[PDB]
Amino acid sequence: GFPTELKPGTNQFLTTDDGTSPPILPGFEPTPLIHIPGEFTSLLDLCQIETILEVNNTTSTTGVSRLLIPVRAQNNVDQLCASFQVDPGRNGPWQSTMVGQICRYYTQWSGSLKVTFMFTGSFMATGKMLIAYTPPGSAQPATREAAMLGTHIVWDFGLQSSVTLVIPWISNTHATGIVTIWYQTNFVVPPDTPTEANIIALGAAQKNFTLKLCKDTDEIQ
Amino acid sequence: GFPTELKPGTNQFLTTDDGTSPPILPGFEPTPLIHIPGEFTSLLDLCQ
Amino acid sequence: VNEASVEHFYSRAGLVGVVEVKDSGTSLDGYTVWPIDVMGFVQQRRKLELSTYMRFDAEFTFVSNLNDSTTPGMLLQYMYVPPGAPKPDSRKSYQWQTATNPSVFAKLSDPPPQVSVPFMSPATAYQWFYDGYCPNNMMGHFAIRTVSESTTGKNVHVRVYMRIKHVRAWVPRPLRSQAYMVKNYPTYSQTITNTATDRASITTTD
Amino acid sequence: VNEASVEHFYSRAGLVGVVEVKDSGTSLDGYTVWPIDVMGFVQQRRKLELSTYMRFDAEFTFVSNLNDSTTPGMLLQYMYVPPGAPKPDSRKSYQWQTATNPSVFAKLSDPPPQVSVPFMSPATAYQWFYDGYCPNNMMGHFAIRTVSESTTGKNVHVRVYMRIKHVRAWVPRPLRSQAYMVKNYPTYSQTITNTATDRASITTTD
Amino acid sequence: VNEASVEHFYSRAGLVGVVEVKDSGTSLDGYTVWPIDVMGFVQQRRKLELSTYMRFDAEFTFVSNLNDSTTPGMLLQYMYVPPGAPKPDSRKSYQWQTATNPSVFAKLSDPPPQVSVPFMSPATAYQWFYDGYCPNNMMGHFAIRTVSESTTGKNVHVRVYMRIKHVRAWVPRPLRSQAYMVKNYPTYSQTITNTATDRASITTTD
Amino acid sequence: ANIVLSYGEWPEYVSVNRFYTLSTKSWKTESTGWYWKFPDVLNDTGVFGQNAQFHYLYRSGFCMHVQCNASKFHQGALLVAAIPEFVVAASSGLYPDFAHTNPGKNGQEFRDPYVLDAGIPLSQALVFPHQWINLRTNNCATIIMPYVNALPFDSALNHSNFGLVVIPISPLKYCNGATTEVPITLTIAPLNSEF
C-alpha cells in the first residue's frame with residue numbers, strides 16, 4: 001500500500017532479466033499465422049542427424065578428396081590403415097559435422113555416440129576388415145593380435161555394404177578414446193576390374209546426450 | 001508491499017500510452033446527453 | 001533438457017550498435033538517425049542463419065552517457081518511425097512534431113528507457129534467404145534529438161540493447177565455414193579454406 | 001477491424017502549441033497566458049472537420065525546459081481558469097491566490113505534470129460549423145508563473161500535449177481541398193485549384 | 001534451540017575483499033578483475049573448515065565510493081564471467097560486449113547493486129580437503145569498468161559483501177590450533193605451540 | 001521402393017499432370033555436379049509452361065525420380081539433395097549473371113562442389129531431404145516435396161522455391177574396354193497444382 005520503502009537493487013539494469021515493457025503501437029494487429037511444414041523446436045535433436053566425417057585431414061590433400069578412405073589390394077594382411085580420436089568438441093576430424101559445431105556453443109556434454117561405415121567398390125569385390133575401439137585412458141594397440149582382445153567387430157564387405165558400431169559412454173569437459181582400422185585378409189578382384197575403393201565415416205550422436213552451460217563459440221566464420 | 005524495488009522504464013513519458021490522471025474539477029457535472037439522429041462510429045463504412 | 005532449446009538459444013540481451021550525436025567542432029548538429037537491424041555483427045549472423053524462416057517480437061533498451069561517464073540533467077527525445085515514412089533531415093524540422101511517429105521523452109540522469117515493438121512484416125515470417133528476384137527486412141528507424149534552441153558543444157554517446165521474445169524457427173540449414181565479405185549477400189573469397197585442421201598422417205595422433 | 005475506428009482515429013497525443021515565459025532583456029515579466037484550443041494546426045483542423053458535432057474529454061501534459069536542455073530545481077506554478085473569470089495581469093496580482101481557480105505546483109527537475117479536464121460546454125456537443133448568427137468553443141486558459149520575488153534573467157520554454165478520450169461523432173461531411181486562409185472562418189482564395197492532378201489526354205497512361 | 005544451528009551459524013553478510021580501480025598517476029587503466037573466493041580471510045577459513053563437504057547458494061552486494069566519501073553520478077559496469085571463459089585484458093577489449101557474460105549497469109549515486117549466483121560445481125558438493133592427486137573451487141570472476149572514452153584521473157574504491165543461503169554440511173572434523181602459513185595448503189611451521197595455556201603446578205589454582 | 005517423404009507431409013492441395021522426361025546427362029571420371037531450379041525447369045515446356053507464364057499466381061508440389069544405367073564392372077557413388085531457397089553466390093563483381101541463377105531445363109554444372117558454390121561445407125548437406133545412390137546396391141531414388149512458402153500464392157516467373165542438386169562424392173572409375181560415360185536421367189510429375 002502507501003507505506004512502502006525501497007530496497008537495495010533499485011534503478012539497476014540487468015541484461016539477463018525479463019520483465020514488462022509498454023507497447024509502442026497500441027491497437028496494431030500483426031499478420032495472421034499459417035502452417036509452414038518444417039519446424040524444429042528443440043536444438044538437441046539436430047545432433048541425431050548423421051553427417052559425414054573428415055578423416056583424411058592430411059596436408060597435400062585438398063578439395064573433396066579429404067572425405068574418403070583409400071583401400072588398396074597390394075597391401076599386406078596385418079597392418080594399420082587408419083585411426084582417429086573421438087573428441088567432438090576438440091579440433092580434428094569431428095569439425096565437419098553438426099555435432100562438433102553445436103558442441104562449441106556449450107561447455108559440458110555427456111552421452112553415447114554412433115559411427116556408420118559404408119563401402120563403395122565393384123560388385124564382384126570381396127574381403128574382410130576389423131574395427132576396434134580402445135576405452136579412454138589406455139594405449140593405442142600396436143598389432144591386430146592385441147586389438148582382437150578388446151571390443152571389436154569383423155566386417156566382410158563382400159556380403160554386407162554398411163556396418164555400424166556404438167560407443168558405450170563418454171563424458172568430457174571444456175585422453176579420450178581412439179578407434180583403429182585393421183586389415184584381416186587382402187582384397188580379392190576378378191580380371192578386368194579396378195583395384196581401388198573408398199570408405200565413408202558418417203558420424204552421429206545418440207538419444208542420451210545433454211548440454212549444460214552456454215558460452216560463445218571461437219571458430220569465427 | 002513495503003519491500004519494493006524500481007525497474008528500468010521509470011520516469012519516462014510515452015506519447016502512445018494511456019493511464020490514469022486525477023480530475024481537476026471534482027464534483028462538477030456535465031450537461032446530460034440527448035439523441036442527435038445521425039451517428040457514424042466506424043470509419044471504414046464511409047468508403048461504401 | 002530446457003537449456004538445449006530454441007527458446008533459450010535466442011533469449012538474451014546484447015549490443016547491436018553504438019550511436020554518437022555530435023554537436024561540437026567541425027560538425028554542429030543535434031540529430032542522428034539509425035536504421036534498426038538484427039544482423040549487424042558476425043556472431044549474431046551465424047546464430048540467426050541456422051534457420052530460414054523466423055517470427056518474434058523485440059524489446060529495446062537505451063543507455064546514454066557523456067564522454068567522461070558523467071550524467072547531467074539535460075533532456076533528450078527518442079522517436080521511432082514505422083517503415084514507409086519520411087525521416088527528419090534537420091535539427092528542428094517539421095517531422096519532429098507528428099502524432100503518428102511514436103516518440104518518448106526522458107532525461108539524461110534517470111533509469112534507462114525501455115520500449116517494445118511488435119512483429120512488423122507484410123508476410124507470415126522473416127526470410128534471411130530469398131531465392132526470388134539498407135536492411136532487407138525493413139523494420140524502422142530511430143531518430144535521437146537533444147531538445148535545445150542553439151548548439152550545446154557537448155557530444156553524447158548512445159548504446160542500444162535488444163531482446164527478442166516468442167521465437168519460432170521452421171527449417172534448418174548448415175552453418176558457415178567461409179569468411180564474411182559483404183552484407184546482405186553470401187559472396188565469398190576465392191581462397192577456399194578447409195573446414196578441419198590438418199594432420200601429419202592418417203595413422204598418427206597425440 | 002479495430003484500427004478503422006473513430007475511437008482509434010482520434011486517440012493519440014500530440015503538440016498543440018509552444019509557450020515561452022521571458023524574464024530577460026527588454027521584457028522582464030514572470031507570467032504568460034495561453035488560450036487553450038483544439039484547432040491551432042492545419043492537420044488537426046482537417047481531421048476534426050470530418051464531422052459536425054463532437055463530445056469528448058481531454059488530458060493535458062506539460063514538458064518544460066531551459067534553452068540548453070538543462071533542468072535545475074526552480075519551482076513553477078500552473079493554474080487553470082474556467083470560462084467566465086478574470087485572468088492574471090501582473091507577476092504578483094491578486095488572482096494568483098483564489099480557491100476556485102484550480103492550480104498545481106511542481107519543480108523544474110521532476111517527471112512532467114499531467115492533468116485532466118472534463119467536458120466543458122453549455123450544450124450537448126461541440127460545433128465546428130454554426131449557421132446561426134479567440135476560439136469559438138471557449139474552454140479556459142492556462143497561466144504559468146515562476147514563484148519568485150524579483151527577476152531571474154532566465155527564459156523558460158514550455159510545450160504542451162493533449163490527449164482526447166471518449167469521442168463521439170454524429171454527422172459527416174466532405175474534406176477540404178482549398179487552402180486555409182483565416183481562423184474561425186472558411187474564407188478561401190480566388191484562384192480555384194483543381195482537386196486532381198492533370199493528364200495529357202483521356203486515352204493515355206504510364 | 002534455533003540459535004545453535006548450522007543454518008544460523010553461516011547466515012550472515014560480511015566483507016570478502018576490497019578492489020580499487022586506478023586511473024591516475026603511473027597507472028592509467030579502466031578495468032580491474034577479481035577472482036571470487038570464500039576463504040580469503042582467516043576467520044572465515046576456520047569457520048568453513050569445521051566440515052568437509054558443503055553445498056549452498058550465494059548473494060553478492062557491491063558498495064563503491066570515491067576517496068573522500070563523495071558520490072558523483074558517473075556510470076559503471078559490472079560483469080560476471082562463468083568458469084571456463086576468457087577474461088577482459090584491456091580498457092576497451094572485445095570481451096566487454098558478449099551476450100553470454102551476464103553484465104549489469106548502474107550509476108555511482110544510487111542504492112548499491114545486488115545480485116545472486118547459483119551453485120556452480122560439476123560435483124554434488126564443494127570440497128575443502130581433497131586427498132586425491134587461484135582458488136581450487138573455481139566459481140568465476142568479476143570485471144569492473146568505468147564506461148568512458150579517455151582517462152578520468154579519479155580512482156574508485158569498491159568493497160563486496162557475500163551472503164550464503166541453503167547451507168548443507170555433512171561430515172565434521174576438529175578445528176585448527178596451528179598458525180596459517182599458505183593458501184590452499186595446510187602446511188604449518190616447525191615450532192609446535194601448545195593448545196592450552198600453562199600453569200605453575202597441577203595442584204595450584206587462583 | 002525406398003521412397004522418402006520430405007518433412008513427412010504431402011502437399012494435400014490428365015493434361016498437365018503427366019511425366020516429363022528431361023535431358024540425359026553424361027557422367028565422366030572428371031565431373032563436379034549439376035543442379036536445377038524447380039519452379040522454372042518447366043517454364044518453357046508443355047502446357048504447364050503456358051499457364052504458368054500467363055497466370056499471375058502459382059502453387060504446386062512435385063515428385064522427382066533419378067535413374068542410372070550401368071553394369072557390374074563400374075564403380076561410383078552419388079548424392080541427391082533438395083534445397084529450399086537455394087541461393088547461388090559468386091566468388092571474388094558481387095553479382096552472378098542470369099545464366100547461373102536461372103538455368104534452363106538442362107541445369108548448370110557446379111563450379112566449386114566443396115563449398116556447394118554457396119560457402120556451405122557439403123559435409124552437412126544431409127539435414128536436407130537427401131538420398132544415396134551406390135553403383136553396387138541400386139540405381140534409383142525418389143523424393144516427394146510439398147509446397148513450402150512464407151506467403152501463399154506467389155509468382156512463378158519471379159520466385160524460386162527450391163532446387164535439386166546431384167553430386168558425385170566418390171569418383172567414377174572403370175577398366176579398359178568399358179563404356180567411358182554412364183548416363184543419368186531425371187523425370188518430374190506435377191502433383192496438386194493450382195493457378
# chains A, B, ... in the order shown; residues from 1 in each chain; ligands from 1
>>> interface_residues(of="chain D", to="chain B", cutoff="10 Å", atoms="only C-alpha atoms", output="PDB file with N, CA and C atoms, in the first residue's frame")
ATOM      1  N   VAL D   1     -12.557  -3.738 -38.828  1.00  0.00           N
ATOM      2  CA  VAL D   1     -11.463  -4.014 -37.906  1.00  0.00           C
ATOM      3  C   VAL D   1     -11.409  -2.953 -36.814  1.00  0.00           C
ATOM      4  N   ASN D   2     -10.555  -3.182 -35.815  1.00  0.00           N
ATOM      5  CA  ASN D   2     -10.420  -2.239 -34.711  1.00  0.00           C
ATOM      6  C   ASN D   2      -9.638  -0.993 -35.107  1.00  0.00           C
ATOM      7  N   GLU D   3      -8.713  -1.114 -36.063  1.00  0.00           N
ATOM      8  CA  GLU D   3      -7.884   0.027 -36.436  1.00  0.00           C
ATOM      9  C   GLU D   3      -8.661   1.054 -37.252  1.00  0.00           C
ATOM     10  N   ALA D   4      -9.686   0.619 -37.982  1.00  0.00           N
ATOM     11  CA  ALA D   4     -10.503   1.527 -38.789  1.00  0.00           C
ATOM     12  C   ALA D   4     -11.725   1.994 -37.996  1.00  0.00           C
ATOM     13  N   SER D   5     -11.448   2.644 -36.870  1.00  0.00           N
ATOM     14  CA  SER D   5     -12.478   3.075 -35.940  1.00  0.00           C
ATOM     15  C   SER D   5     -12.370   4.571 -35.681  1.00  0.00           C
ATOM     16  N   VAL D   6     -13.502   5.164 -35.295  1.00  0.00           N
ATOM     17  CA  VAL D   6     -13.486   6.535 -34.796  1.00  0.00           C
ATOM     18  C   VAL D   6     -12.722   6.603 -33.479  1.00  0.00           C
ATOM     19  N   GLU D   7     -12.838   5.556 -32.657  1.00  0.00           N
ATOM     20  CA  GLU D   7     -12.154   5.536 -31.369  1.00  0.00           C
ATOM     21  C   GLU D   7     -10.641   5.588 -31.539  1.00  0.00           C
ATOM     22  N   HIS D   8     -10.100   4.822 -32.487  1.00  0.00           N
ATOM     23  CA  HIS D   8      -8.663   4.810 -32.724  1.00  0.00           C
ATOM     24  C   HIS D   8      -8.199   5.925 -33.652  1.00  0.00           C
ATOM     25  N   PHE D   9      -9.111   6.530 -34.417  1.00  0.00           N
ATOM     26  CA  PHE D   9      -8.721   7.605 -35.324  1.00  0.00           C
ATOM     27  C   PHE D   9      -8.220   8.824 -34.560  1.00  0.00           C
ATOM     28  N   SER D  11      -7.397   8.893 -31.144  1.00  0.00           N
ATOM     29  CA  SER D  11      -6.803   8.544 -29.852  1.00  0.00           C
ATOM     30  C   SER D  11      -5.281   8.566 -29.963  1.00  0.00           C
ATOM     31  N   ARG D  12      -4.717   9.766 -29.838  1.00  0.00           N
ATOM     32  CA  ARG D  12      -3.272   9.941 -29.820  1.00  0.00           C
ATOM     33  C   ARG D  12      -2.946  11.257 -29.130  1.00  0.00           C
ATOM     34  N   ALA D  13      -1.738  11.330 -28.583  1.00  0.00           N
ATOM     35  CA  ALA D  13      -1.215  12.571 -28.036  1.00  0.00           C
ATOM     36  C   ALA D  13      -0.447  13.330 -29.114  1.00  0.00           C
ATOM     37  N   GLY D  14      -0.344  14.639 -28.931  1.00  0.00           N
ATOM     38  CA  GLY D  14       0.342  15.462 -29.909  1.00  0.00           C
ATOM     39  C   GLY D  14       0.411  16.904 -29.457  1.00  0.00           C
ATOM     40  N   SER D  51     -16.459  15.767 -39.235  1.00  0.00           N
ATOM     41  CA  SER D  51     -17.729  15.679 -38.532  1.00  0.00           C
ATOM     42  C   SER D  51     -18.220  17.089 -38.223  1.00  0.00           C
ATOM     43  N   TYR D  53     -20.695  17.529 -35.121  1.00  0.00           N
ATOM     44  CA  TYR D  53     -20.940  17.538 -33.685  1.00  0.00           C
ATOM     45  C   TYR D  53     -20.049  16.499 -33.020  1.00  0.00           C
ATOM     46  N   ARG D  55     -18.160  15.218 -28.954  1.00  0.00           N
ATOM     47  CA  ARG D  55     -18.177  15.258 -27.497  1.00  0.00           C
ATOM     48  C   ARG D  55     -17.081  14.341 -26.977  1.00  0.00           C
ATOM     49  N   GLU D  59      -7.019  15.285 -21.821  1.00  0.00           N
ATOM     50  CA  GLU D  59      -5.926  15.124 -20.869  1.00  0.00           C
ATOM     51  C   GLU D  59      -4.727  15.911 -21.375  1.00  0.00           C
ATOM     52  N   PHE D  60      -4.107  16.689 -20.489  1.00  0.00           N
ATOM     53  CA  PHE D  60      -3.037  17.605 -20.859  1.00  0.00           C
ATOM     54  C   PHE D  60      -1.744  17.237 -20.143  1.00  0.00           C
ATOM     55  N   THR D  61      -0.631  17.324 -20.871  1.00  0.00           N
ATOM     56  CA  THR D  61       0.697  17.067 -20.331  1.00  0.00           C
ATOM     57  C   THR D  61       1.591  18.267 -20.613  1.00  0.00           C
ATOM     58  N   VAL D  63       5.584  19.679 -20.689  1.00  0.00           N
ATOM     59  CA  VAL D  63       7.030  19.492 -20.671  1.00  0.00           C
ATOM     60  C   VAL D  63       7.677  20.869 -20.741  1.00  0.00           C
ATOM     61  N   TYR D  80      -5.228  26.855 -13.946  1.00  0.00           N
ATOM     62  CA  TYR D  80      -6.271  26.795 -14.962  1.00  0.00           C
ATOM     63  C   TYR D  80      -7.475  27.597 -14.491  1.00  0.00           C
ATOM     64  N   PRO D  82     -11.465  28.586 -15.334  1.00  0.00           N
ATOM     65  CA  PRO D  82     -12.624  28.175 -16.133  1.00  0.00           C
ATOM     66  C   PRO D  82     -13.163  29.341 -16.941  1.00  0.00           C
ATOM     67  N   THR D 100     -10.848  28.940  -6.174  1.00  0.00           N
ATOM     68  CA  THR D 100     -11.746  28.359  -7.209  1.00  0.00           C
ATOM     69  C   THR D 100     -11.045  28.239  -8.566  1.00  0.00           C
ATOM     70  N   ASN D 101      -9.810  28.731  -8.697  1.00  0.00           N
ATOM     71  CA  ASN D 101      -9.026  28.571  -9.946  1.00  0.00           C
ATOM     72  C   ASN D 101      -8.057  27.424  -9.698  1.00  0.00           C
ATOM     73  N   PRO D 102      -8.377  26.166 -10.064  1.00  0.00           N
ATOM     74  CA  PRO D 102      -7.532  25.024  -9.710  1.00  0.00           C
ATOM     75  C   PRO D 102      -6.078  25.209 -10.161  1.00  0.00           C
ATOM     76  N   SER D 103      -5.134  25.228  -9.218  1.00  0.00           N
ATOM     77  CA  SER D 103      -3.704  25.444  -9.559  1.00  0.00           C
ATOM     78  C   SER D 103      -2.865  24.261  -9.086  1.00  0.00           C
ATOM     79  N   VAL D 104      -1.678  24.071  -9.665  1.00  0.00           N
ATOM     80  CA  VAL D 104      -0.824  22.958  -9.268  1.00  0.00           C
ATOM     81  C   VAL D 104       0.613  23.456  -9.168  1.00  0.00           C
ATOM     82  N   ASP D 110      11.728  17.151 -12.441  1.00  0.00           N
ATOM     83  CA  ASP D 110      10.761  16.172 -11.967  1.00  0.00           C
ATOM     84  C   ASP D 110      10.040  15.589 -13.179  1.00  0.00           C
ATOM     85  N   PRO D 111       9.357  14.457 -13.011  1.00  0.00           N
ATOM     86  CA  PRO D 111       8.532  13.942 -14.099  1.00  0.00           C
ATOM     87  C   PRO D 111       7.480  14.955 -14.497  1.00  0.00           C
ATOM     88  N   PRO D 112       7.139  15.022 -15.782  1.00  0.00           N
ATOM     89  CA  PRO D 112       6.249  16.085 -16.274  1.00  0.00           C
ATOM     90  C   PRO D 112       4.886  16.030 -15.609  1.00  0.00           C
ATOM     91  N   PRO D 113       4.303  17.184 -15.293  1.00  0.00           N
ATOM     92  CA  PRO D 113       2.948  17.197 -14.730  1.00  0.00           C
ATOM     93  C   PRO D 113       1.913  16.743 -15.748  1.00  0.00           C
ATOM     94  N   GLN D 114       0.837  16.147 -15.235  1.00  0.00           N
ATOM     95  CA  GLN D 114      -0.231  15.604 -16.065  1.00  0.00           C
ATOM     96  C   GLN D 114      -1.563  15.811 -15.361  1.00  0.00           C
ATOM     97  N   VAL D 115      -2.534  16.386 -16.075  1.00  0.00           N
ATOM     98  CA  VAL D 115      -3.835  16.714 -15.506  1.00  0.00           C
ATOM     99  C   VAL D 115      -4.925  16.424 -16.532  1.00  0.00           C
ATOM    100  N   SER D 116      -6.160  16.312 -16.039  1.00  0.00           N
ATOM    101  CA  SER D 116      -7.319  16.011 -16.867  1.00  0.00           C
ATOM    102  C   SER D 116      -8.405  17.053 -16.637  1.00  0.00           C
ATOM    103  N   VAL D 117      -9.188  17.310 -17.682  1.00  0.00           N
ATOM    104  CA  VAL D 117     -10.234  18.331 -17.650  1.00  0.00           C
ATOM    105  C   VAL D 117     -11.520  17.743 -18.227  1.00  0.00           C
ATOM    106  N   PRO D 118     -12.674  17.977 -17.611  1.00  0.00           N
ATOM    107  CA  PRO D 118     -13.926  17.383 -18.095  1.00  0.00           C
ATOM    108  C   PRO D 118     -14.440  18.082 -19.351  1.00  0.00           C
ATOM    109  N   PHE D 119     -15.607  17.627 -19.807  1.00  0.00           N
ATOM    110  CA  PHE D 119     -16.267  18.184 -20.983  1.00  0.00           C
ATOM    111  C   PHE D 119     -17.000  19.457 -20.573  1.00  0.00           C
ATOM    112  N   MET D 120     -16.463  20.607 -20.975  1.00  0.00           N
ATOM    113  CA  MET D 120     -16.966  21.913 -20.558  1.00  0.00           C
ATOM    114  C   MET D 120     -17.728  22.542 -21.718  1.00  0.00           C
ATOM    115  N   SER D 121     -19.062  22.550 -21.620  1.00  0.00           N
ATOM    116  CA  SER D 121     -19.898  23.127 -22.664  1.00  0.00           C
ATOM    117  C   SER D 121     -21.304  23.325 -22.129  1.00  0.00           C
ATOM    118  N   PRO D 122     -22.007  24.382 -22.538  1.00  0.00           N
ATOM    119  CA  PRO D 122     -23.404  24.569 -22.131  1.00  0.00           C
ATOM    120  C   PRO D 122     -24.420  23.892 -23.038  1.00  0.00           C
ATOM    121  N   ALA D 123     -23.967  23.131 -24.026  1.00  0.00           N
ATOM    122  CA  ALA D 123     -24.815  22.401 -24.956  1.00  0.00           C
ATOM    123  C   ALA D 123     -24.555  20.907 -24.782  1.00  0.00           C
ATOM    124  N   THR D 124     -25.105  20.105 -25.686  1.00  0.00           N
ATOM    125  CA  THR D 124     -24.886  18.666 -25.637  1.00  0.00           C
ATOM    126  C   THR D 124     -23.710  18.209 -26.493  1.00  0.00           C
ATOM    127  N   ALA D 125     -23.073  19.113 -27.237  1.00  0.00           N
ATOM    128  CA  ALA D 125     -21.928  18.757 -28.068  1.00  0.00           C
ATOM    129  C   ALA D 125     -21.249  20.025 -28.561  1.00  0.00           C
ATOM    130  N   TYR D 161       1.030  18.908 -24.551  1.00  0.00           N
ATOM    131  CA  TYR D 161       0.460  17.808 -25.316  1.00  0.00           C
ATOM    132  C   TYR D 161      -0.942  17.504 -24.805  1.00  0.00           C
ATOM    133  N   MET D 162      -1.843  17.152 -25.721  1.00  0.00           N
ATOM    134  CA  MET D 162      -3.237  16.895 -25.382  1.00  0.00           C
ATOM    135  C   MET D 162      -3.665  15.530 -25.901  1.00  0.00           C
ATOM    136  N   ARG D 163      -4.309  14.751 -25.035  1.00  0.00           N
ATOM    137  CA  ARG D 163      -4.964  13.504 -25.405  1.00  0.00           C
ATOM    138  C   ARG D 163      -6.462  13.653 -25.182  1.00  0.00           C
ATOM    139  N   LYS D 165     -10.291  11.601 -25.007  1.00  0.00           N
ATOM    140  CA  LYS D 165     -10.872  10.308 -24.681  1.00  0.00           C
ATOM    141  C   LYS D 165     -12.387  10.361 -24.819  1.00  0.00           C
ATOM    142  N   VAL D 167     -14.591   9.724 -27.513  1.00  0.00           N
ATOM    143  CA  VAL D 167     -15.033  10.543 -28.635  1.00  0.00           C
ATOM    144  C   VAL D 167     -16.384  10.052 -29.136  1.00  0.00           C
ATOM    145  N   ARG D 168     -17.169  10.979 -29.684  1.00  0.00           N
ATOM    146  CA  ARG D 168     -18.471  10.665 -30.262  1.00  0.00           C
ATOM    147  C   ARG D 168     -18.747  11.660 -31.379  1.00  0.00           C
ATOM    148  N   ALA D 169     -18.832  11.169 -32.613  1.00  0.00           N
ATOM    149  CA  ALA D 169     -19.104  12.000 -33.779  1.00  0.00           C
ATOM    150  C   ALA D 169     -20.405  11.547 -34.426  1.00  0.00           C
ATOM    151  N   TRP D 170     -21.168  12.501 -34.964  1.00  0.00           N
ATOM    152  CA  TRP D 170     -22.550  12.242 -35.345  1.00  0.00           C
ATOM    153  C   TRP D 170     -22.799  12.322 -36.848  1.00  0.00           C
ATOM    154  N   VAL D 171     -22.526  13.450 -37.495  1.00  0.00           N
ATOM    155  CA  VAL D 171     -22.859  13.649 -38.900  1.00  0.00           C
ATOM    156  C   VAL D 171     -21.581  13.986 -39.657  1.00  0.00           C
ATOM    157  N   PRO D 172     -21.279  13.302 -40.755  1.00  0.00           N
ATOM    158  CA  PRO D 172     -20.049  13.569 -41.501  1.00  0.00           C
ATOM    159  C   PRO D 172     -20.259  14.587 -42.618  1.00  0.00           C
TER     160      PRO D 172
END
>>> closest_atom_pairs(of="chain D", to="chain C", cutoff="6 Å", atoms="only C-alpha atoms", output="JSON lines")
{"residue": "D:14", "atom": "CA", "partner": "C:99", "partner_atom": "CA", "distance": 5.1}
{"residue": "D:67", "atom": "CA", "partner": "C:148", "partner_atom": "CA", "distance": 5.6}
{"residue": "D:68", "atom": "CA", "partner": "C:148", "partner_atom": "CA", "distance": 5.1}
{"residue": "D:69", "atom": "CA", "partner": "C:74", "partner_atom": "CA", "distance": 4.6}
{"residue": "D:70", "atom": "CA", "partner": "C:74", "partner_atom": "CA", "distance": 4.4}
{"residue": "D:71", "atom": "CA", "partner": "C:73", "partner_atom": "CA", "distance": 5.7}
>>> residues_around(residues="residue 92 of chain A", least_positions_apart="3", cutoff="8 Å", atoms="only C-alpha atoms", output="PyMOL selection string")
(chain A and resi 57+95) or (chain C and resi 196-199)
>>> residues_around(residues="segment 34-41 of chain E", least_positions_apart="5", cutoff="10 Å", atoms="only C-alpha atoms", output="count of residues only")
25
>>> select_by_dssp(residues="chain F", states="strand (DSSP E or B)", output="PyMOL selection string")
chain F and resi 4-5+20-21+25-27+34-37+58-68+75-84+91+108-109+131-134+140-145+154+162-173+182-188+191-194
>>> atom_distance(atom1="atom CA of residue 131 of chain C", atom2="atom CA of residue 88 of chain F")
8.5 Å
>>> closest_atom_pairs(of="chain F", to="chain A", cutoff="10 Å", atoms="only C-alpha atoms", output="JSON lines")
{"residue": "F:6", "atom": "CA", "partner": "A:38", "partner_atom": "CA", "distance": 9.0}
{"residue": "F:7", "atom": "CA", "partner": "A:38", "partner_atom": "CA", "distance": 5.9}
{"residue": "F:8", "atom": "CA", "partner": "A:37", "partner_atom": "CA", "distance": 8.6}
{"residue": "F:9", "atom": "CA", "partner": "A:37", "partner_atom": "CA", "distance": 7.3}
{"residue": "F:10", "atom": "CA", "partner": "A:37", "partner_atom": "CA", "distance": 9.5}
{"residue": "F:11", "atom": "CA", "partner": "A:37", "partner_atom": "CA", "distance": 9.4}
{"residue": "F:32", "atom": "CA", "partner": "A:64", "partner_atom": "CA", "distance": 10.0}
{"residue": "F:71", "atom": "CA", "partner": "A:123", "partner_atom": "CA", "distance": 9.3}
{"residue": "F:72", "atom": "CA", "partner": "A:123", "partner_atom": "CA", "distance": 5.8}
{"residue": "F:73", "atom": "CA", "partner": "A:193", "partner_atom": "CA", "distance": 6.2}
{"residue": "F:74", "atom": "CA", "partner": "A:122", "partner_atom": "CA", "distance": 6.3}
{"residue": "F:75", "atom": "CA", "partner": "A:122", "partner_atom": "CA", "distance": 5.2}
{"residue": "F:76", "atom": "CA", "partner": "A:120", "partner_atom": "CA", "distance": 6.5}
{"residue": "F:77", "atom": "CA", "partner": "A:120", "partner_atom": "CA", "distance": 6.8}
{"residue": "F:112", "atom": "CA", "partner": "A:63", "partner_atom": "CA", "distance": 8.9}
{"residue": "F:113", "atom": "CA", "partner": "A:64", "partner_atom": "CA", "distance": 7.7}
{"residue": "F:114", "atom": "CA", "partner": "A:64", "partner_atom": "CA", "distance": 5.7}
{"residue": "F:115", "atom": "CA", "partner": "A:63", "partner_atom": "CA", "distance": 9.3}
{"residue": "F:121", "atom": "CA", "partner": "A:96", "partner_atom": "CA", "distance": 7.5}
{"residue": "F:122", "atom": "CA", "partner": "A:96", "partner_atom": "CA", "distance": 8.9}
{"residue": "F:123", "atom": "CA", "partner": "A:52", "partner_atom": "CA", "distance": 5.5}
{"residue": "F:124", "atom": "CA", "partner": "A:51", "partner_atom": "CA", "distance": 5.7}
{"residue": "F:125", "atom": "CA", "partner": "A:51", "partner_atom": "CA", "distance": 7.7}
{"residue": "F:126", "atom": "CA", "partner": "A:51", "partner_atom": "CA", "distance": 6.2}
{"residue": "F:127", "atom": "CA", "partner": "A:49", "partner_atom": "CA", "distance": 6.5}
{"residue": "F:128", "atom": "CA", "partner": "A:49", "partner_atom": "CA", "distance": 10.0}
{"residue": "F:134", "atom": "CA", "partner": "A:120", "partner_atom": "CA", "distance": 6.9}
{"residue": "F:135", "atom": "CA", "partner": "A:120", "partner_atom": "CA", "distance": 7.8}
{"residue": "F:136", "atom": "CA", "partner": "A:123", "partner_atom": "CA", "distance": 5.2}
{"residue": "F:137", "atom": "CA", "partner": "A:161", "partner_atom": "CA", "distance": 8.1}
{"residue": "F:146", "atom": "CA", "partner": "A:37", "partner_atom": "CA", "distance": 8.1}
{"residue": "F:147", "atom": "CA", "partner": "A:37", "partner_atom": "CA", "distance": 8.4}
{"residue": "F:148", "atom": "CA", "partner": "A:36", "partner_atom": "CA", "distance": 6.3}
{"residue": "F:149", "atom": "CA", "partner": "A:36", "partner_atom": "CA", "distance": 6.7}
{"residue": "F:150", "atom": "CA", "partner": "A:36", "partner_atom": "CA", "distance": 6.9}
{"residue": "F:151", "atom": "CA", "partner": "A:34", "partner_atom": "CA", "distance": 8.7}
{"residue": "F:152", "atom": "CA", "partner": "A:34", "partner_atom": "CA", "distance": 9.0}
{"residue": "F:168", "atom": "CA", "partner": "A:64", "partner_atom": "CA", "distance": 9.8}
{"residue": "F:169", "atom": "CA", "partner": "A:64", "partner_atom": "CA", "distance": 7.4}
{"residue": "F:170", "atom": "CA", "partner": "A:198", "partner_atom": "CA", "distance": 7.3}
{"residue": "F:171", "atom": "CA", "partner": "A:65", "partner_atom": "CA", "distance": 9.3}
{"residue": "F:173", "atom": "CA", "partner": "A:194", "partner_atom": "CA", "distance": 7.5}
{"residue": "F:174", "atom": "CA", "partner": "A:194", "partner_atom": "CA", "distance": 6.0}
{"residue": "F:175", "atom": "CA", "partner": "A:193", "partner_atom": "CA", "distance": 5.8}
{"residue": "F:176", "atom": "CA", "partner": "A:192", "partner_atom": "CA", "distance": 7.3}
{"residue": "F:177", "atom": "CA", "partner": "A:192", "partner_atom": "CA", "distance": 8.7}
{"residue": "F:178", "atom": "CA", "partner": "A:192", "partner_atom": "CA", "distance": 9.4}
